[PDB]
Amino acid sequence: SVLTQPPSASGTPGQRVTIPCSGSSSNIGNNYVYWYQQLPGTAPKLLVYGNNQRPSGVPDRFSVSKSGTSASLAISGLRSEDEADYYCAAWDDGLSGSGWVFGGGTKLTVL
Amino acid sequence: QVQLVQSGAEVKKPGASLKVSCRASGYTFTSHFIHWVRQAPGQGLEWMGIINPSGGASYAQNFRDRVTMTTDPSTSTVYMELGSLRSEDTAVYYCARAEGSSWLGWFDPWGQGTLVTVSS
Amino acid sequence: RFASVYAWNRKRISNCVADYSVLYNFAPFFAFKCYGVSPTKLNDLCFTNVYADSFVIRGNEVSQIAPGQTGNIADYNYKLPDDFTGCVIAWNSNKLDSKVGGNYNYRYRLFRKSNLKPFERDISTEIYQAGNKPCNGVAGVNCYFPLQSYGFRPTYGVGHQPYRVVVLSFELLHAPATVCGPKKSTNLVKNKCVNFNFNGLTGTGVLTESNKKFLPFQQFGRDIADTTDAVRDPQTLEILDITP
Amino acid sequence: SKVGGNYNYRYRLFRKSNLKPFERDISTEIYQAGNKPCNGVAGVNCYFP
Amino acid sequence: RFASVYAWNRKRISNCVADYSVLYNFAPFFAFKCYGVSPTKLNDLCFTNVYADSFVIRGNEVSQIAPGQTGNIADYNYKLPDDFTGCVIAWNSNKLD
Ligand SMILES: *[C@@H]1O[C@H](CO)[C@@H](O[C@@H]2O[C@H](CO)[C@@H](O)[C@H](O)[C@H]2NC(C)=O)[C@H](O)[C@H]1NC(C)=O
Ligand SMILES: *[C@@H]1O[C@H](CO)[C@@H](O)[C@H](O)[C@H]1NC(C)=O
């Protein structure tokens, strides 16, 4: 909840939608970001990690950006499988506690 | 081919305890620390714990004082015990595997997910 | 492996050319407080001995590595003198010195008879007898073990994380110096008003052949009224008189 | 605001991505929302911005 | 008669010299954890208010009388603050209570 994500997003197949996540020096400005995709009725998977690298099993149409204390994921050419929730992840060292904090997630769909 | 399997769970009365399993397979058990993450439905995710699969553990401080973990590196399983459950702890719990070194890393295998609930 | 705080290392630094520009390729350094010297002018000075102490401490106690401080690190684990002229460097190492499940190899001494002197190191494990009765090597009520282990879980706040610390302490004065920065020598001129530096001695004046005799242990005989009047080259051993 | 529609206030609803702070654009190029150019003729997959 | 744990006493201590050397003539004290202060130095400090709470508890819950703990004593019977600077003393009384 310390991370800041838009609560929802929408689009058409063939459009480029960006989903951001902006934090702080403890959250993002000092520790890689990771992107996980939750499809409804499943467990989360991997999308992109390390700001330059992508795992297997995924088309690289998804891209990652990082501007200072912010990051984002970019999707050109939506399909029917992309109606899902997306979360970004980062380590954080705070005054009250420290740990492995998440984003709020964004639900993305097509009408 | 590499999977983290669990046990299906049920309604539990509040104030009780709950031992849930997480059996690892397909790869070396004492090579990868284990993440425990939790998600309430209609809410976000928050992670419970991190376990040395042959060693100790550490906890997210928002969920300290109510979770315990144990390794068992013979039949290749780790366990999560949560005592004094509440009515707002109705959720689903995932048991994920981490990268081979310490806490920072990707979470490539994931659990099937366990439903935890309270009713009357 | 940095050593724990009650038993800190002490590397004595012998003769070299000391480029401090390095030491600027390690991190953000949660701190970096040079006390007697200002850190922008380190590459042009000669020091005699550069003692480098090294240990780990918690994050809310980095402010106790300072001359004249109180608290359970500076009282009896490591006492800086009040005549301090070094530089205290400290950076976070939660990504190295702390493991999941407790790291019981960093210990600090919390009970003692009284304080330490400056630069005093103790490795005692004798049970401090707080109560009036002896407990003869068996701890318990009113006598405790003196060395308590730190924590250093990764899920601790900044302020309970393992911070590595290196304390440089060096004195510049009598004797040669031995270790000095990179200044690039220069041709020695004589019988001209010049700006000179002889291994640390900064001044102005005319250099002339002398007739004084410093014995192999003498580096620069000042005159009555305590002003430098003669020096000896730092790589030729020629004695030269100086005069405004 | 006048009766009968005031068609002289316009806002841009489709773009490539966001703006920087204090960024001003007056572009009228048809945003291509597909995998095939429509070369200045709007319609399916590409709209007036 | 110590009071039970859900309804504990609270003696406020007014002006009066505290022979810290006493309170050391009662037993072995299964515990004795001074938190903000170290107990060897108590006879040379000035305090403003010394609040003494007092109750009974079971033996496996003495570890719950600490700042920031969980379990059915520390959650809702007696909660120590996380800004604690007192001293928790506890001794067995199976021979009395
Ligand atoms: C430091 O090294 C320099 C190298 O240039 C030494 O200078 C030479 O010393 C020899 C020995 O007397 C002379 O024959 C050369 O003529 C010197 N070189 C020049 C360019 O003058 C210097 O002596 C060394 N200093 C010490 C203390 O060892
Ligand atoms: C040397 O003496 C000082 C004070 O007398 C003491 O603090 C220190 O521990 C001693 N060192 C050794 C190695 O005995």
# chains A, B, ... in the order shown; residues from 1 in each chain; ligands from 1
call {"tool": "residues_around", "arguments": {"residues": "residue 95 of chain B", "least_positions_apart": "2", "cutoff": "7 Å", "atoms": "only C-alpha atoms", "output": "PyMOL selection string"}}
result
chain B and resi 22+35-37+93+97+110-111
call {"tool": "write_last_selection", "arguments": {"atoms": "C-alpha atoms", "output": "PDB file, in the first residue's frame"}}
result
ATOM      1  CA  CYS B  22       4.001 -26.844   1.243  1.00  0.00           C
ATOM      2  CA  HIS B  35       8.452 -17.079   0.211  1.00  0.00           C
ATOM      3  CA  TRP B  36       5.047 -17.155   1.893  1.00  0.00           C
ATOM      4  CA  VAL B  37       2.605 -14.607   0.458  1.00  0.00           C
ATOM      5  CA  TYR B  93      -2.248 -18.150   0.661  1.00  0.00           C
ATOM      6  CA  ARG B  97       9.915 -20.431  -4.285  1.00  0.00           C
ATOM      7  CA  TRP B 110       4.214 -20.836  -7.289  1.00  0.00           C
ATOM      8  CA  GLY B 111       1.807 -22.780  -5.153  1.00  0.00           C
TER       9      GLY B 111
END
call {"tool": "residues_near_ligand", "arguments": {"ligand": "ligand 2", "cutoff": "8 Å", "atoms": "only C-alpha atoms and all ligand atoms", "output": "list in words"}}
result
residues 116, 117, 120, 121, 122 and 123 of chain C
call {"tool": "write_last_selection", "arguments": {"atoms": "N, CA, C and O atoms", "output": "PDB file, in the first residue's frame"}}
result
ATOM      1  N   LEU C 116      35.973   2.493  28.985  1.00  0.00           N
ATOM      2  CA  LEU C 116      37.294   2.239  28.450  1.00  0.00           C
ATOM      3  C   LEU C 116      38.069   3.544  28.352  1.00  0.00           C
ATOM      4  O   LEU C 116      37.502   4.636  28.440  1.00  0.00           O
ATOM      5  N   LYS C 117      39.372   3.421  28.158  1.00  0.00           N
ATOM      6  CA  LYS C 117      40.176   4.532  27.685  1.00  0.00           C
ATOM      7  C   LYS C 117      39.984   4.654  26.180  1.00  0.00           C
ATOM      8  O   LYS C 117      39.380   3.780  25.560  1.00  0.00           O
ATOM      9  N   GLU C 120      40.743   1.478  23.339  1.00  0.00           N
ATOM     10  CA  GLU C 120      40.955   0.343  24.229  1.00  0.00           C
ATOM     11  C   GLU C 120      40.131  -0.858  23.787  1.00  0.00           C
ATOM     12  O   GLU C 120      38.932  -0.751  23.531  1.00  0.00           O
ATOM     13  N   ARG C 121      40.783  -2.017  23.729  1.00  0.00           N
ATOM     14  CA  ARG C 121      40.178  -3.229  23.192  1.00  0.00           C
ATOM     15  C   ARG C 121      40.215  -4.344  24.222  1.00  0.00           C
ATOM     16  O   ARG C 121      41.279  -4.673  24.750  1.00  0.00           O
ATOM     17  N   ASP C 122      39.055  -4.935  24.495  1.00  0.00           N
ATOM     18  CA  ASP C 122      38.939  -6.009  25.471  1.00  0.00           C
ATOM     19  C   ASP C 122      38.264  -7.212  24.836  1.00  0.00           C
ATOM     20  O   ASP C 122      37.351  -7.063  24.023  1.00  0.00           O
ATOM     21  N   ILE C 123      38.713  -8.403  25.208  1.00  0.00           N
ATOM     22  CA  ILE C 123      38.129  -9.632  24.690  1.00  0.00           C
ATOM     23  C   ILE C 123      37.749 -10.529  25.853  1.00  0.00           C
ATOM     24  O   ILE C 123      37.755 -11.758  25.733  1.00  0.00           O
TER      25      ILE C 123
END
call {"tool": "interface_residues", "arguments": {"of": "chain A", "to": "chain B", "cutoff": "9 Å", "atoms": "only C-alpha atoms", "output": "NGL selection string"}}
result
:A and (1 or 32 or 34 or 42-46 or 49 or 87 or 90-91 or 96-105)
call {"tool": "interface_residues", "arguments": {"of": "chain A", "to": "chain D", "cutoff": "9 Å", "atoms": "only C-alpha atoms", "output": "list in words"}}
result
residues 12, 13, 14, 15, 16, 17, 18, 76 and 77 of chain A
call {"tool": "residues_around", "arguments": {"residues": "residue 82 of chain E", "least_positions_apart": "5", "cutoff": "9 Å", "atoms": "only C-alpha atoms", "output": "list in words"}}
result
residues 66, 67 and 68 of chain E
call {"tool": "residues_around", "arguments": {"residues": "residue 244 of chain C", "least_positions_apart": "4", "cutoff": "7 Å", "atoms": "only C-alpha atoms", "output": "PyMOL selection string"}}
result
chain C and resi 204-206
call {"tool": "residues_near_ligand", "arguments": {"ligand": "ligand 1", "cutoff": "10 Å", "atoms": "only C-alpha atoms and all ligand atoms", "output": "PDB file with C-alpha atoms, in the first residue's frame"}}
result
ATOM      1  CA  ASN C 187      62.489  20.501  -9.944  1.00  0.00           C
ATOM      2  CA  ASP C 233      64.878  17.539   1.108  1.00  0.00           C
ATOM      3  CA  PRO C 234      62.558  14.534   0.920  1.00  0.00           C
ATOM      4  CA  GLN C 235      64.772  12.556  -1.451  1.00  0.00           C
ATOM      5  CA  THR C 236      68.321  13.874  -1.405  1.00  0.00           C
ATOM      6  CA  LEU C 237      68.787  14.784   2.225  1.00  0.00           C
TER       7      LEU C 237
END
call {"tool": "select_by_dssp", "arguments": {"residues": "segment 59-142 of chain C", "states": "strand (DSSP E)", "output": "ChimeraX atom specification"}}
result
/C:87-92,107-109,128-129
call {"tool": "write_last_selection", "arguments": {"atoms": "N, CA, C and O atoms", "output": "mmCIF file, in the first residue's frame"}}
result
data_model
loop_
_atom_site.group_PDB
_atom_site.id
_atom_site.type_symbol
_atom_site.label_atom_id
_atom_site.label_comp_id
_atom_site.auth_asym_id
_atom_site.auth_seq_id
_atom_site.Cartn_x
_atom_site.Cartn_y
_atom_site.Cartn_z
ATOM 1 N N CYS C 87 38.790 10.324 10.305
ATOM 2 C CA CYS C 87 37.617 10.370 9.453
ATOM 3 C C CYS C 87 36.840 9.084 9.659
ATOM 4 O O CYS C 87 37.398 7.996 9.528
ATOM 5 N N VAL C 88 35.562 9.209 9.984
ATOM 6 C CA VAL C 88 34.695 8.072 10.262
ATOM 7 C C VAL C 88 33.856 7.798 9.030
ATOM 8 O O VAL C 88 33.121 8.678 8.574
ATOM 9 N N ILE C 89 33.966 6.592 8.479
ATOM 10 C CA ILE C 89 33.244 6.200 7.283
ATOM 11 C C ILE C 89 32.319 5.060 7.648
ATOM 12 O O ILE C 89 32.725 4.141 8.362
ATOM 13 N N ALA C 90 31.088 5.100 7.157
ATOM 14 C CA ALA C 90 30.134 4.071 7.529
ATOM 15 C C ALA C 90 29.143 3.860 6.413
ATOM 16 O O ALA C 90 28.564 4.823 5.910
ATOM 17 N N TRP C 91 28.918 2.604 6.051
ATOM 18 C CA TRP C 91 27.942 2.328 5.012
ATOM 19 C C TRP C 91 27.150 1.077 5.333
ATOM 20 O O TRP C 91 27.628 0.181 6.030
ATOM 21 N N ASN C 92 25.931 1.026 4.806
ATOM 22 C CA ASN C 92 25.039 -0.090 5.064
ATOM 23 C C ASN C 92 25.557 -1.341 4.389
ATOM 24 O O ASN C 92 26.151 -1.285 3.315
ATOM 25 N N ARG C 107 28.647 -9.629 18.038
ATOM 26 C CA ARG C 107 28.371 -9.475 19.453
ATOM 27 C C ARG C 107 28.913 -8.153 19.961
ATOM 28 O O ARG C 107 29.943 -7.660 19.504
ATOM 29 N N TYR C 108 28.221 -7.604 20.943
ATOM 30 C CA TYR C 108 28.649 -6.385 21.602
ATOM 31 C C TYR C 108 28.555 -6.584 23.100
ATOM 32 O O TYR C 108 27.701 -7.326 23.593
ATOM 33 N N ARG C 109 29.475 -5.944 23.814
ATOM 34 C CA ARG C 109 29.550 -6.069 25.258
ATOM 35 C C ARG C 109 28.702 -4.995 25.913
ATOM 36 O O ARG C 109 28.900 -3.798 25.695
ATOM 37 N N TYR C 128 30.461 -10.808 34.637
ATOM 38 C CA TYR C 128 30.367 -9.617 35.466
ATOM 39 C C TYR C 128 29.472 -9.883 36.665
ATOM 40 O O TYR C 128 28.310 -10.267 36.524
ATOM 41 N N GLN C 129 30.027 -9.681 37.853
ATOM 42 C CA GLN C 129 29.370 -10.018 39.106
ATOM 43 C C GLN C 129 28.668 -8.774 39.620
ATOM 44 O O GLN C 129 29.251 -7.999 40.388
#
call {"tool": "residues_around", "arguments": {"residues": "residue 93 of chain A", "least_positions_apart": "5", "cutoff": "10 Å", "atoms": "only C-alpha atoms", "output": "PyMOL selection string"}}
result
(chain A and resi 25-27+30-31+98-101) or (chain C and resi 94+154-159+161)
call {"tool": "write_last_selection", "arguments": {"atoms": "N, CA, C and O atoms", "output": "short mmCIF file (atom, residue, chain, number, x, y, z; two decimals), in the first residue's frame"}}
result
data_model
loop_
_atom_site.label_atom_id
_atom_site.label_comp_id
_atom_site.auth_asym_id
_atom_site.auth_seq_id
_atom_site.Cartn_x
_atom_site.Cartn_y
_atom_site.Cartn_z
N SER A 25 12.64 6.60 -2.46
CA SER A 25 14.03 6.16 -2.48
C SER A 25 14.19 4.84 -1.75
O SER A 25 15.05 4.03 -2.11
N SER A 26 13.38 4.61 -0.72
CA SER A 26 13.42 3.32 -0.04
C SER A 26 12.79 2.23 -0.90
O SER A 26 13.31 1.12 -0.97
N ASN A 27 11.67 2.54 -1.55
CA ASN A 27 10.95 1.54 -2.33
C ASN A 27 11.66 1.23 -3.64
O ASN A 27 12.09 0.10 -3.87
N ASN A 30 16.34 2.46 -5.20
CA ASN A 30 17.40 1.74 -4.50
C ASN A 30 17.13 0.24 -4.42
O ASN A 30 17.50 -0.41 -3.43
N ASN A 31 16.50 -0.31 -5.45
CA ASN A 31 16.20 -1.74 -5.47
C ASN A 31 15.30 -2.16 -6.63
O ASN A 31 14.11 -1.83 -6.66
N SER A 98 10.78 -3.24 7.41
CA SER A 98 11.39 -3.46 6.11
C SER A 98 10.89 -4.78 5.58
O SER A 98 10.53 -5.67 6.34
N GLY A 99 10.88 -4.90 4.26
CA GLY A 99 10.41 -6.16 3.73
C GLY A 99 10.18 -6.08 2.24
O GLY A 99 10.73 -5.23 1.54
N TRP A 100 9.38 -7.02 1.76
CA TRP A 100 9.20 -7.21 0.34
C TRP A 100 7.81 -6.71 -0.06
O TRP A 100 6.82 -7.42 -0.02
N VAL A 101 7.77 -5.45 -0.47
CA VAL A 101 6.50 -4.77 -0.62
C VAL A 101 6.03 -4.85 -2.07
O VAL A 101 6.82 -5.00 -3.01
N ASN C 94 23.37 -4.42 4.69
CA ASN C 94 22.31 -5.39 4.93
C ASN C 94 22.25 -6.43 3.83
O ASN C 94 21.69 -7.51 4.03
N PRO C 154 17.01 -9.67 8.11
CA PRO C 154 16.84 -8.71 7.03
C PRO C 154 15.59 -7.89 7.16
O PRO C 154 15.56 -6.78 6.63
N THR C 155 14.57 -8.38 7.84
CA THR C 155 13.34 -7.61 8.01
C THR C 155 13.36 -6.78 9.29
O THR C 155 12.44 -6.83 10.10
N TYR C 156 14.41 -6.01 9.46
CA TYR C 156 14.54 -5.03 10.52
C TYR C 156 14.57 -3.66 9.89
O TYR C 156 14.95 -3.50 8.73
N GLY C 157 14.15 -2.66 10.63
CA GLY C 157 14.16 -1.30 10.14
C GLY C 157 15.57 -0.78 9.99
O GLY C 157 16.50 -1.28 10.62
N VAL C 158 15.74 0.22 9.13
CA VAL C 158 17.00 0.93 9.07
C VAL C 158 17.22 1.67 10.39
O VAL C 158 16.45 2.56 10.77
N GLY C 159 18.23 1.25 11.12
CA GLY C 159 18.33 1.51 12.52
C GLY C 159 18.42 0.24 13.33
O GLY C 159 18.67 0.29 14.54
N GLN C 161 19.95 -2.35 11.15
CA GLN C 161 20.61 -3.05 10.08
C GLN C 161 22.12 -3.05 10.31
O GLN C 161 22.65 -2.15 10.96
#
call {"tool": "closest_atom_pairs", "arguments": {"of": "chain C", "to": "chain E", "cutoff": "10 Å", "atoms": "only C-alpha atoms", "output": "CSV"}}
result
residue,atom,partner,partner_atom,distance
C:110,CA,E:38,CA,9.7
C:111,CA,E:38,CA,8.9
C:130,CA,E:40,CA,6.7
C:131,CA,E:40,CA,8.4
C:140,CA,E:28,CA,9.5
C:141,CA,E:28,CA,6.9
C:142,CA,E:40,CA,8.8
call {"tool": "closest_residue", "arguments": {"among": "B:53, B:15, B:42, B:26", "to": "chain E", "atoms": "only C-alpha atoms"}}
result
B:15
call {"tool": "interface_residues", "arguments": {"of": "chain E", "to": "chain B", "cutoff": "8 Å", "atoms": "only C-alpha atoms", "output": "PyMOL selection string"}}
result
chain E and resi 69-71
